[PDB]
Amino acid sequence: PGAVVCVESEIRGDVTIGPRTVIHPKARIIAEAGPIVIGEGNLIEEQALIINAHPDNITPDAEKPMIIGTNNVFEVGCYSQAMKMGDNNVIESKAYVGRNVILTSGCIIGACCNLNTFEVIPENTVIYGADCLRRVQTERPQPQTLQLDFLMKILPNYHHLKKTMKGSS
Amino acid sequence: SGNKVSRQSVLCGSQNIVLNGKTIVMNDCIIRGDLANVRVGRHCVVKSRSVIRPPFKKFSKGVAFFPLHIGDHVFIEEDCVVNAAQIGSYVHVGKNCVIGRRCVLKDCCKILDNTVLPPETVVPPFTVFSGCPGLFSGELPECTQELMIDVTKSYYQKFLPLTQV
Amino acid sequence: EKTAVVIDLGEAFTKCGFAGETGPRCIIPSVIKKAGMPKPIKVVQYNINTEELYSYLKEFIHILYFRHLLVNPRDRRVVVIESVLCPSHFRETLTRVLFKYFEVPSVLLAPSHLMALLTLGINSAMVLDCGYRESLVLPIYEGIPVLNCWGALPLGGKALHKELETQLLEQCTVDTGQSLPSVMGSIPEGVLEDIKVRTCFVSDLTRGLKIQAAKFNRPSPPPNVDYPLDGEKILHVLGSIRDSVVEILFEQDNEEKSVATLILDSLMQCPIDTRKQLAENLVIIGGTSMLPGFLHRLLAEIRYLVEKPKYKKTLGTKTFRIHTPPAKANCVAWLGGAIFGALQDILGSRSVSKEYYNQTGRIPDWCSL
């Protein structure tokens, strides 16, 4: 308990959400392949498609359960089909996570950005929206102090906005 | 009365939501006005799969964002994530578009398909929007844009009359 | 009274702005963006239809003056900085577009090396302009450019692009979406420019000789770093490759030619009294000269070639000083044209006007009569 799960939002299979989690309207959480894991204070916006990769093959197993980090701001219309995520990661609207991934902490994915299959994004690095893997713009997204403070402010605004939405009903 | 809202479309927060005369909400539309109000102009055509989400809670102590807006004759294309954008009357939004936080769309604008208008992006009147990152492509014609908007309004009224309930 | 326009056309980039301002206002690339077109077409081209070029130049000038200048050039003069040996066909087309379509008051087709010399503020200098297509040499002595003393190998930016395309295709390492070499046949030019700016580390003379020895029967291979790319296909580019691409610019053997040797050939052609002042004032400008650690590798290679027996009998002991300009290496030619146009309303008179063009026929190129 203690997670704002919407009535219009859909869930399937094993899905253990953390404390203060916010599942917005019309959000798909298909965790049929493997047991989904959402971090504490993680906000899943509207029209989001949370998928999983079919896993457990003996030789070169494809995947494991997609573990989302705490304070992860998933924007509206964002695709997250089997991607390992770190704490304080802001995925923008209309994004698309790869079939396998390792998004490090203090990230900031751009809008309409195709995140890479079998690609680990480094700690503290803001993704440009269009052409994938853009190395530029990673200073203001530092690994902490700069991005940890900003993500804490973003988590507070998300919790305050979700509390106002919960109060309205 | 004249506003043809589809059966598959959803309008959360009816008191906050606002639809003018001769409107057209297509199928699978989401006018979510739970947190804040959503104002739609007269003769505005909201296409299918359009996510009309509210910008802010409006409960911030300082610098609260503007909820939502839409001028008259607004041609909102399909799959357009309209959020926190004050659309000027006769604004032609492109297909698969994305509006930013407090984005000021001017009168007689022409947003391109698959565009992404950033936060606090004041678009100029009579100008075609372009680029992956928002920028001025070129100056648009007044007569051509008005004729296209009139043709779109007439076609939407025919579909509004029949086959939706 | 009236600040004149400055243009510096080229195949890769185009420096443009106002006369008088220290450095240009903007530098948009030479290509143009067309509606309903797969790839962007280059404006500055040679050996191609006249009416098509005319339309291409109009299209480039139209997108330029609104964004760059914010004004009608009908009020005041223009300085079109053509590089010397830019085709007369292309100059005639430029002259037509400026007078027939737009109707400017005046134009000027002055050389790039003489204006780059005006920035230094010296009357005599050996000059080297390493652009995109060619790497042109031209010595100036006391104002006048010494013309028959010259040289230009096809060994600029375009040669470095072709070598990068060859070496990356031979040794490729792309990620999955690991292995899979040579999946894509070619790669875009704008990405390949960004790789040259960031990755390509220019080697020293001793390192360059060691690389040349390794190529024909391995020392100092590092450092290597990967390059990110769109569509989830990062490629692990190597460190020995980018050094080998830079090395072909200074490759002597079997042609008897390079960027360094081209200055010596230009100095050889020049007369005896002119010789020493040109050697003392050796100016380096252009796009390729902006590469990191380039001026040492050139000056060291120049000196090594002078030590060789074939150049000792003519040149011998010479003080090769490289007097650097105020502005950056790419934007020296533009700054000279801005100096030429802004200050002197008098030297605007020598250039060709609209009244002279209609009755006569054309701006006079360095030719007969």
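Residues numbered from 1 in each chain as written, not as in the entry; some residues may be left out. Chains lettered and ligands numbered in written order. Part of a larger assembly, values for the part shown. Heavy atoms only, no water. Residues with missing side-chain atoms left out of burial classes, pairs and counts.

- What the entry reports as its method is cryo-EM, with 8.7 Å given for the resolution.

Overview of the overall build of chain B
- If you tally the helices and strands in chain B, you get one helix and 15 strands.
- Contacts in chain B between residues far apart in sequence, at least 24 positions, make up 19% of those at least 6 positions apart. (Helix = DSSP H or I, 4+ residues; strand = E, 2+ residues; numbered from the N terminus. Contact = heavy atoms within 4.5 Å.)

Some points on the overall build of chain A
- Within chain A, the regular secondary structure consists of one helix and 14 strands.
- Since a compact globule built from 169 residues should have a radius of gyration of about 15 Å, the 15 Å found for chain A is in line with a globular shape.
- Principal axes of the C-alpha set define a box for chain A whose edges measure 45 × 40 × 25 Å.
- In chain A, once contacts between residues fewer than 6 apart in sequence are set aside, the share between residues at least 24 apart is 19%. (Rg over C-alpha atoms; globule rule 2.2 N^0.38 Å.)

Some points on the sheet that holds strand β8 (residues 69-70) of chain B
All names here are of chain B.
- A sheet is described by the order of its strands in space; here three strands give the open sequence β8-β10-β12, paired in parallel fashion. Of all strands in the sheet, those bounded by a partner on one side alone are β8 and β12 (103-105).
- Where strand β10 (residues 85-87) lies against β12, three bridges are found, and the strand directions are parallel. Bridging from a neighbouring strand, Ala85 pairs with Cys103 of β12. (Pairing = 2+ DSSP bridges.)

Some remarks on unusual backbone geometry
All names here are of chain C.
- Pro222 connects to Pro223 through a cis peptide bond whose omega is 5°.
- Looking at the element boundaries, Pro223 is found in the loop between α6 (205-215) and α7 (239-247).
- Unusually for a residue other than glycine, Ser220 sits at a positive phi of about 55°.
- By the element assignment, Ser220 lies in the loop between α6 and α7.
- Residues other than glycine seldom take positive phi values, yet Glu232 does so here, at roughly 65°.
- Turning to its location among the elements, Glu232 is positioned in the loop between α6 and α7.

Structural notes on the pairing of strand β2 (residues 15-18) of chain C
Residue and element names in this part refer to chain C.
- Looking at chain direction, strand β1 (residues 5-8) and β2 are connected through four bridges and run antiparallel. By the bridge assignment for β2, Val5 is matched with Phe18.
- Counting the residues in the hairpin turn of β1 and β2 gives six residues.

Considerations on the packing of aromatic side chains
Residues and elements named next belong to chain C.
- Aromatic side chains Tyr46 and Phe90 sit 5.7 Å apart centroid to centroid with 85° between the ring planes, which places their arrangement in the edge-to-face category. Of this pair, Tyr46 sits in the loop between β4 (41-42) and α1 (50-67) while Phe90 sits in helix α2 (residues 88-102), placing them 44 residues apart in sequence.
- Cluster of aromatic residues (ring-pair linked, three or more members): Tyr65, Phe66 and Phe102.
- When the ring centre of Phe18 is taken as reference, the NZ or CZ atom of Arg25 above it lies at 5.0 Å. (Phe/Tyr/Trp six-rings, centres within 6.5 Å; stacked < 30°, edge-to-face > 60°. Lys NZ or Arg CZ within 6 Å of the ring centre and 35° of its normal.)

A closer look at the environment of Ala130 of chain A
- Checked against the element boundaries, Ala130 of chain A lands in the loop between β14 (125-126) and α1 (147-168).
- Counting along the chain gives 16 residues from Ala130 of chain A to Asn114 of chain A, while the straight-line C-alpha distance between them is 8.1 Å.
- Those residues in contact with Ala130 of chain A that sit more than four places away from it in its chain are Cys112 of chain A together with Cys132 of chain B.

Observations concerning the packing of helix α4 (residues 157-170) of chain C against helix α5 (residues 189-198) of chain C
All names here are of chain C.
- Put simply, α4 and α5 touch, their axes get as near as 11 Å, and they point 95° apart. One element, α4, and the other, α5, form an angle in the roughly perpendicular class. Within the contact between the two elements, α4 uses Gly157, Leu160, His161, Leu164, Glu165 and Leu168 and α5 uses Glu189, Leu192, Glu193, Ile195 and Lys196. (Axes fitted to C-alpha atoms, helices over the stretch in contact; angles between N-to-C directions. Parallel < 35°, antiparallel > 145°, perpendicular 65-115°, else oblique.)

Some thoughts on the side chain of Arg242 of chain C
Residue and element names in this part refer to chain C.
- Relative to the helices and strands, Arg242 is located in helix α7.
- In this structure the side chain of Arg242 is engaged in a polar contact, spanning 2.9 Å, whose partner is the backbone oxygen of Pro223.
- Residue contacts for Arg242: discarding those within four places in its chain leaves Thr199, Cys200, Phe201, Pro223 and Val225. (Polar contact = N/O pair within 3.5 Å; in protein donor to acceptor, adjacent residues only side chain to side chain.)

Points about the sheet that holds β1 of chain C
Residue and element names in this part refer to chain C.
- With respect to topology, four strands assemble into an open sheet ordered β2-β1-β5-β6, the strand pairing being mixed. Only two strands of the sheet have a single partner each, and these edge strands are β2 and β6 (109-110).
- In this structure, β1 lies alongside strand β5 (residues 78-81), joined through three bridges in parallel fashion. Paired with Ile7 across the two strands is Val80, which belongs to β5.

Focus on the packing of α4 of chain C against α7 of chain C
Residue and element names in this part refer to chain C.
- One can describe the packing of α4 onto α7 by two numbers: an axis separation of 9 Å at closest approach and a directional angle of 145°. Where α4 crosses over α7, the two elements pack in a sense that is right-handed. Across the interface between the two elements, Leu160, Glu163, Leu164 and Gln167 of α4 pack against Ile241, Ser244, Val245 and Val246 of α7.
- Its residues assigned to classes, the contact of α4 with α7 comprises five nonpolar, two polar and one charged. (Left-handed = near helix turned anticlockwise from the far one by under 90°. Nonpolar A, V, L, I, M, F, W, Y, C, P; charged D, E, K, R; others polar.)

Some words on the pairing of strand β8 (residues 135-141) of chain C
Residue and element names in this part refer to chain C.
- Where strand β7 (residues 125-130) lies against β8, six bridges are found, and the strand directions are antiparallel. In the sheet register, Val127 faces β8, and the bridge partner there is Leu138.
- Where β7 folds back on β8, the antiparallel hairpin that results is connected by four residues.
- Here β8 runs beside strand β10 (residues 151-153); their pairing, made up of three bridges, is antiparallel. Each residue of the ladder has a partner; that of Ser135, found in β10, is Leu153.
- With two bridges connecting them, β8 and strand β9 (residues 144-145) associate as antiparallel partners. Following the sheet pairing, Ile140 is matched in β9 by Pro145.
- The antiparallel hairpin formed by β8 and β9 contains two residues in its connecting segment, where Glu142 sits at a positive phi of about 60°.

Digging into the pattern of salt bridges
Residues and elements named next belong to chain C.
- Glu82 is the partner of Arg91 in a salt bridge, and the nearest nitrogen-oxygen pair spans 3.9 Å.
- Of the charged contacts in the structure, one is a salt bridge between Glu301 and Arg297, with a shortest N-O distance of 3.7 Å. With a gap of four residues between them, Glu301 and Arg297 both fall in helix α10 (residues 295-307), about one helical turn apart.
- A single network of salt bridges, built from pairs that share partners, joins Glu82, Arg91 and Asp365. (Salt bridge = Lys/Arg side-chain N within 4 Å of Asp/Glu carboxyl O.)

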